[PDB]
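What follows is one structure encoded as structure tokens, with my remarks underneath.
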Amino acid sequence: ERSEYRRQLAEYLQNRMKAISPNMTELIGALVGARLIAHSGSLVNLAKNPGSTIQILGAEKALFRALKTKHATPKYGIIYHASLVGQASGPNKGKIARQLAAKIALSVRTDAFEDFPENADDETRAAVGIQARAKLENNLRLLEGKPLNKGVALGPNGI
Amino acid sequence: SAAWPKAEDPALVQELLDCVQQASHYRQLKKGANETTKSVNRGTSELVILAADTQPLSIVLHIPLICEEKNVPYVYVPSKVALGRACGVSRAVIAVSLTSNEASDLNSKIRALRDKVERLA
Amino acid sequence: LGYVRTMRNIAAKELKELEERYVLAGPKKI
Amino acid sequence: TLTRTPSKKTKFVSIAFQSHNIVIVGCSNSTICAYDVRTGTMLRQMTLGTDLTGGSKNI
Amino acid sequence: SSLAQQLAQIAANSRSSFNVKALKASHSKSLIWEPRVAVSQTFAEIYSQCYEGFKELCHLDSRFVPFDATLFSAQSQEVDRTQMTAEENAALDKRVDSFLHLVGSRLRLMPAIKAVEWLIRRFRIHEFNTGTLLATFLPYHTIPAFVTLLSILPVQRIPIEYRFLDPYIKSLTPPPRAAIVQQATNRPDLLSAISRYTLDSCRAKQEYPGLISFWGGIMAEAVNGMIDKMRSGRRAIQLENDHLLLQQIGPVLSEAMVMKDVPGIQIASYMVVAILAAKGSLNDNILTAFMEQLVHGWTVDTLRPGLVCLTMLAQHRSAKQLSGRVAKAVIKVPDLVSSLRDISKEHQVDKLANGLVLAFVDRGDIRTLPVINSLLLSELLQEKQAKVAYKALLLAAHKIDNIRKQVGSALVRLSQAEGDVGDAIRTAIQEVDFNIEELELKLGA
Amino acid sequence: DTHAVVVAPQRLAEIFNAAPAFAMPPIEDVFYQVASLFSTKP
Amino acid sequence: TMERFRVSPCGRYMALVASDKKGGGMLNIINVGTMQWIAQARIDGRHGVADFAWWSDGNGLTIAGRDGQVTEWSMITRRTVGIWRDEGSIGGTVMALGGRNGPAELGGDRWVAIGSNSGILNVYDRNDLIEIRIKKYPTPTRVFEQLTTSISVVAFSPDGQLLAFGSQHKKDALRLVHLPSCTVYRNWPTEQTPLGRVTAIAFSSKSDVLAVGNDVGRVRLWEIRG
Amino acid sequence: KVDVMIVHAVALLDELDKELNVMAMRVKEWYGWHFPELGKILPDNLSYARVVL
Amino acid sequence: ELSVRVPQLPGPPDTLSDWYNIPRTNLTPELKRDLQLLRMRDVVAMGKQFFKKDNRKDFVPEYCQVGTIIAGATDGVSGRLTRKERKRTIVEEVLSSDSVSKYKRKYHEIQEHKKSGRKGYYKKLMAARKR
């Protein structure tokens, strides 16, 4: 019974996130969006954050440890358990984390400050999220389809 | 619309972009919306110039809230491309934030410029 | 630069709190 | 108050209306500004040169 | 170390294993099974599993039944390829190439991968037929089966054209289309090998849309990069580079444009011709050669893509008129003007329509007059092209020595046209300064 | 009068790199994409 | 001063920028055959007139001032046809105006090219200025941001197919641009093309020869052949 | 739209995941006295609770 | 049923197979302080408790794991460190313990015995001669 209630709570969290912030829900999804809203406190409190802040929300202990001891800061925070940074591998993971955090900052500012005529469909209420997700998936597949370095193909002699 | 401290007079717009170019050569300038937000939140920012040609205008509307909380003057120029190549960027810059220091002719220009922005408000 | 920025944020918060406390401790009125 | 000039040294010396919503003002800093009364905006800043008859460059 | 070089060439050219560790490694190379299991497998276990795979493949498609008798036979359990003579080895190579062309369409399926695993583990196709196997796995260069084939391939057995794959064999990642396309623009041998593989399949009618789209995309991007390389600015070098590009391309496009039975490869060759005519600044006789072969080549299935590519080819020509047979088969086109309006919504058909009207007027046949009338009242030409076309029509009327009756009927209809075309036609009458009423009453009396 | 169409190769590489060779749109649709890329209509 | 002037293509008139900046520049227009003042065209700016160019039919002239305001001023009606703004120019430096088959009431020149002090040169199709009403905010056909320093020279081909624009303040900063495609030619100038610090350029009358003269004082000539 | 339900629901979701994990481990140790090999067969605790049911 | 394999082809051991996979030492500076303390634990209990003289050239072993005593169920009133004494490292526990003044006293006696006649003594002799 606890599992059934937790499943319907996850469905409710998804529906309420698509109600509140359709752009960010179209970008990363309802659970990671709810984690970001939770850490920042509110939607208009998340919207006042730069993209570099939204990149490393949640990784703050490692961040301030590294900043105070002149180590190297963490590359991402809560954003790591989104969908779109999990397809990459290698340094393209950190590059996609940067780009995704910037698009999340734009989408949260749009979902927290833009007005709508109240007869506005959800497909046009999540327009910035749709456009940013399509562009960001194109940039991800370019970063993954970057070819490897050419080499000299040697014969059996060494010639 | 939502850009109510608009700089519409072209003499004032030319003065704002000339001071932006001088601060850019002094490396006293923070370019971009995220870097502008960081400078305004940290409180090092003396004046902040947003652009009104932003196609979703709501992606720079959070900076008026932080400037109302931190009491720094913000103003809207017409063209983001003009702001961009005023900073010397070769991109479209939608928000810029120019900072202050101990003693400069540039700091005197900053004080006079925020007096003119307070005349707009 | 990152270390100096964090130390400057901490020191600016300390200055704001100390200046508030100093004003609270200690042709004006017509 | 509709608007004010950026420069504090601009003094308004004459005013005449072109139509119901367009006000033409002369200034001391060699300009003839053309404001629009409803929104308070500025259509165009006509200008005039120096005076080359004597000193005092501002017409 | 000239002796070590001669012995290295001998050891690379050798084919059969001669010590026990070499036999165990060459038997260990497999697609499906891990090497620790694939060492200890006799040829009855492999034949049982892979014949279940071939039974599934032969129930899917009908045409695997000769390979049921020759390649997947219970006697073909036992045949060693290195003990037969050169003609037996060559006939076995022909049978293997035919099976690989046949199985290339279903290669994402585990039955077909089991059949290829039988060929690899019995006949050693990864060593003796590396060209055809690597070419038939090249359209699937984004899949783990291609990663495994790349893992089991010998290094020195790959042909010279596919030696871009060496970093992707050293680090087991699938190669990208950028790498394949860049090696296609740099080497003519790789582009010739891909085009030769797909044309040798399409002559045997074993095409599939994945292979056709693969070849069309890579030859399009390769001709794009090849033109961007061949461009030089010097006149004689750009002449020689256009000639070298045509000598490297011409057989492939000259076959794939008139391959009537395969409309997919015909449309892909039309795509390559459109890129070659737009981007590469070619000559007028080369473009009339392309147009004449397209005109000889189309079907009903590729008629509207053929007309799009024909609009681009005729648009990028410096001459004004079309060379005969083009206009003859466009007479044979069913719905010319309505199709050209549907194209001119996106593609600027003006020079094609102008050359068509001029080439019809240059015929003394009188079965082209509905097409001439429709093309003139179409609103497709410009005002100057309409004026010079009507001037050429009245000059042909003056040149004729019935015929003049239909000519005068067409001329009075064109003079009594309704809109801006009729305005320009009467203006053309006023600037040729010849009266309407002379030929009017001459044809009416 | 017309000239040779200038097209950056990254656009054509995007046209063909949008999908693998299998599970790509049919060659009529890809031909219309390439032709509308190389169409000189303002 | 009489330093900056332009003779009309018909040869009848000649315009001289009057050295009086004061937030807006004027230019006095002189009949060539009698050398007498016949008109005066005044535009509003911040430092005056960056450059100007006569129209191709010879009547009006387009005056690009500093701080981005560009003004079409006719000779027949002898007042301003219109004012538009360059896109995002913080200050104009040079302008050129060429081609054929443009708008009939704006001189019949097709292209206008305006180079600013940042390094960016915008090229506008002059059939896009007509909305006689001029659009107050036209968009460029192409924005060239290849040169990094302020655009010092700009010159159209007399048949309107080439556009050469160059900056003086960098060694070998000259680019050559096809029209109407608005594509920078990549094969010239190369790393070893001896341009120098380019101070003046000039296309031939048949547009067969480009002449480039640098700050050292050396003219060099290039046949154009297509 | 108000986000206090968002922060409360996600804190509730984290606490529910923790308590559900500890109660599932408890029913594993609580039924492993009667059938211990079932915990090795089924590693998923929801299906373990369903089999106990 | 039977799938295409994933080809996965591209020194000292990481975990000991015979000792139930003790991980190799992540030689952090805190673990290095702890290991120096363990080789100097004779000095820490100042003569009240002597230890087995194990003196290898390298005090850092290859395989270590920093753990914590949990609980003896028979003794829980005095055999249990309180909340203000459960510290992070071992050196923090040694410093939070007593006799740090005893270490400082022994250090200052050693410092006097080592500054006994070295160079301040000779500077004082030279000054007394020059006066």
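Summary of values
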| quantity | calculated |
| --- | --- |
| Rg followed by Dmax, in Å, when chain I is reduced to its Cα trace | 25.3, 103 |
| Other protein chain Cβ atoms within 10 Å, averaged over every residue that makes up E:214-221 | 5 |
| Cut-off 10 Å between beta-carbons: net charge of the residues surrounding B:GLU15, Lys and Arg +1, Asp and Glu -1 | +1 |
| For A:37-43, mean number of other protein chain Cβ atoms within 10 Å | 4 |
| Note, ³J(HN,Hα) from phi for segment G:44-55, Karplus 6.51, -1.76, 1.60, rounded to Hz, x at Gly and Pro | 9, x, 10, 10, x, 10, 6, 8, 7, 7, 5, 6 |
| Residues A:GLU144, B:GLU68, E:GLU161, A:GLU1, sorted so that the one with the fewest Cβ neighbours within 10 Å comes first | A:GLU1, B:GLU68, A:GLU144, E:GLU161 |
| Local net charge near E:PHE43, Cβ-Cβ under 10 Å (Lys/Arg +1, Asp/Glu -1) | 0 |
| Segment B:67-121: equivalent-ellipsoid semi-axes (sqrt of 5 x gyration tensor eigenvalues, Cα, Å) | 21, 15, 11 |
| log10 of Debye I(q)/I(0), alpha-carbon scatterers only, for segment G:61-152 at 0.12, 0.23 Å⁻¹ | -0.33, -1.18 |
| Segment G:13-60 shape via C-alpha gyration tensor axes, a/c threshold 1.5 | oblate |
| A:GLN87-E:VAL258 FRET efficiency (beta carbon distance; Förster radius 56 Å; 0.05 resolution) | 0.80 |
| Spherically averaged projected area of segment G:17-119 from its Cα convex hull (nm²) | 6.6 |
| Estimated FRET transfer efficiency when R0 is 41 angstrom, pair D:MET46-B:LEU65 (beta carbons, to 0.05) | 0.60 |
| Total charge dipole magnitude, segment A:115-159, about the Cα centre, Cβ charges on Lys, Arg, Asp, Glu only, Debye to nearest 20 | 620 |
| Farthest toward positive dipole pole in chain E [+1 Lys/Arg, -1 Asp/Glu at C-beta], among E:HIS101, E:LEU395, E:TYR47 | E:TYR47 |
| Cβ-based exposure ranking for D:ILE15, E:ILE372, C:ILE30, G:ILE90, in which fewest neighbours within 10 Å come first | C:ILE30, D:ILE15, E:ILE372, G:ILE90 |
| Selection from G:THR1, G:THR190, G:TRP222 lying farthest towards where the dipole of chain G points positive, charges on Cβ | G:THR1 |
| Kirkwood-type radius of segment G:111-226, with distances r between different C-alpha atoms, in Å | 14.8 |
| DSSP bridge orientation in chain B - percent antiparallel, rounded to nearest 5 | 60 |
| Shape category assigned to segment E:125-232 from the gyration tensor of Cα positions, a/c cut at 1.5 | oblate |
| Approximate spin-label separation I:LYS124-G:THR190, in nm, with each point projected 7 Å along Cα-to-Cβ | 8.5 |
| Shape of segment A:1-68, Cα gyration tensor, a/c cut at 1.5 | oblate |
| Residues G:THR193, G:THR80 arranged by fewest to most Cβ contacts within 10 Å | G:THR193, G:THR80 |
| For chain D, radius of gyration divided by Kirkwood radius, i.e. Rg to Rh on alpha-carbons | 1.02 |
| Normalised alpha carbon radius of gyration of segment E:323-445 [divisor 2.2 N^0.38 Å] | 1.04 |
| Pairwise label distance in nanometres, A:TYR80 with E:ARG325, each label 7 Å out on the Cα-Cβ vector | 6.8 |
| Rg(Cα)/(2.2 N^0.38 Å) for chain E, N = residue count | 1.36 |
| Local electrostatic count, E:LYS320, Cβ distance below 15 Å [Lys/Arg +1, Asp/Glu -1] | +1 |
| Per-residue [θ]222 nm for the protein assembly as shown (sum of -39500 (n - 2.57) over DSSP H runs n ≥ 4, rounded to 500) | -14500 deg cm²/dmol |
| Rg(Cα)/(2.2 N^0.38 Å) for the protein assembly as shown, N = residue count | 1.25 |
| Pair I:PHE51, I:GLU1: separation of 7 Å Cα→Cβ label points (nm) | 6.6 |
| Fully extended contour minus Cα-Cα distance, from E:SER1 to E:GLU45, at 0.36 nm per residue | 11.3 nm |
| Spatial extent of chain B: Rg and Dmax, with the Cα atoms as the point set, Å | 12.7, 38 |
| Cβ-placed point charges (K, R +1; D, E -1), dipole of segment B:25-121 about Cα centre in debye, nearest 20 | 260 |
| Ranked packing of E:181-193, G:203-215, C:13-25, G:30-42, most packed first, by mean Cβ within 10 Å | E:181-193, G:203-215, G:30-42, C:13-25 |
| Cα-derived Rg over Rh, computed across chain F with Rh taken as Kirkwood radius | 1.04 |
| Dipole magnitude of segment A:62-114, debye to nearest 20 (Cβ charges: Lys/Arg +1, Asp/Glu -1, about Cα centre) | 380 |
| Residue among A:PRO147, A:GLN87, A:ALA105 farthest towards the positive dipole end of segment A:77-151, charges placed on Cβ | A:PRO147 |
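Taken together, the values in this text are just the output of simple stated rules run on the coordinates, not laboratory data. Methodologically, a virtual Cβ is constructed for each residue, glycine included, from the backbone with ideal geometry; neighbour enumeration extends over all protein chains shown.
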